[PDB]
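This document starts with one chain, in the form solved without this ligand, laid out as structure tokens.
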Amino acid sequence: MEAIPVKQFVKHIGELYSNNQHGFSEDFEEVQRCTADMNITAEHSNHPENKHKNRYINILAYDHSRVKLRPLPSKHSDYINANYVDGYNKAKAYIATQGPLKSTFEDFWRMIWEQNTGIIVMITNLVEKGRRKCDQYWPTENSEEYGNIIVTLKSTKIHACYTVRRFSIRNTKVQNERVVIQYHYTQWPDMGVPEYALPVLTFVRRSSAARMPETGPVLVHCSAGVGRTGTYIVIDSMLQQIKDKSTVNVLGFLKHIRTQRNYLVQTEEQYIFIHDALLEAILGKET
């Protein structure tokens, strides 16, 4: 599949790092240019009624892959800045989305309900170095109402680098009650990428393993829902590919998902960090 054997992975890393990381720069420029001769529309994102529902004006939801809310008894009531994103050998394994705004809390929770999503992966802090990145769309304790969905915090589990929050959500218009587990990574740096890949590895595996059978896509968000979100999706997907085929196709998979949401894996640093992480994962398994 134009993939690399796991055994060659270590060697491939060497190459990409060699010659002042020329390999990595080529690869990421290819990722960046892979849309060059593709115009992917995001028209609903820029409809006047929907512009306030985007956290970042340049981070849009491609029309073709966007998650649509069921329309309401409400012109653009169907829009949320969210896109289906493929996982390894499974279409629409994820919903990549922005960290919701106060204004989109209802949309966000309704999407989770309507998509049969049971896992939230959140890869941001609410505020970072004094900068707002994400509004708190869950109750600090007990219940909160977001439109037709009431969210009850049931249990919280705080690890070194991530917090797990077990929520019970109920649709007041509907069974009516669903468990939704948020895995909240809490140690992503203000700037750049994590120095140590292992906590991120650990986070991916546990959050990934929480995906239960016959459930809707896992929702992954950070602030904008492209950089860290894209990084998560690639690491998780490639770990599945390694498990399933003992191969890796980071460049191939990423070029693919770039068509489904804009800027997934937003930086070359993120691109390299993916490789570091898979390297550590592979060398972990080897021992």
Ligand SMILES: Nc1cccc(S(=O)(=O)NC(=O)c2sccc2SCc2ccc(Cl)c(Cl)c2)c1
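Residues that one form lacks are left out of the comparison. Start at 1 and count along the sequence shown; that's the residue number. Here, rigid core means the biggest group of C-alpha atoms that superpose within 1.5 Å across both forms.
Quick note: we don't show the form deposited with this ligand bound, though the next part is all about it.
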Could you superimpose the pocket C-alphas so that this ligand sits on this ligand-free chain as it does in the bound PDB entry, and then tell me whether the site is open or blocked by the 2.4 Å backbone/C-beta test with a threshold of 3 atoms?
blocked
Each of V67, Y79 and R110 near this ligand in the bound PDB entry, meaning some heavy atom within 4.5 Å?
no
Any idea which of 150-158, 197-205, 137-145, 110-118 reaches within 4.5 Å of this ligand in the bound PDB entry, heavy atoms considered?
197-205
Could you spot which one of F105, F167, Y84, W188 gets a heavy atom to within 4.5 Å of this ligand in the bound PDB entry?
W188
Give a yes/no on whether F9 approaches this ligand to within 4.5 Å in the bound PDB entry, heavy atoms considered.
no
Taking heavy atoms and a 4.5 Å cut-off, does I123 contact this ligand in the bound PDB entry?
yes
Look up in the bound PDB entry whether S237 has a non-hydrogen atom within 4.5 angstroms of this ligand, and give yes or no.
no
With the partner left out of view, is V193 within 4.5 angstroms of this ligand in the bound PDB entry by any non-hydrogen atom?
yes
Going through 251-272 from first to last, which residues have a non-hydrogen atom within 4.5 Å of this ligand in the bound PDB entry?
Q266, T267, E269, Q270
Would you mind telling me which residue of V193, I149, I181, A93 shifts its Cα by 2 Å or more between the shown form and the other one when the core is superposed?
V193
Give the consecutive runs of 3+ residues, present in both forms, in which every C-alpha shifts by 2 Å or more between the shown form and the other one after rigid core superposition.
188-193
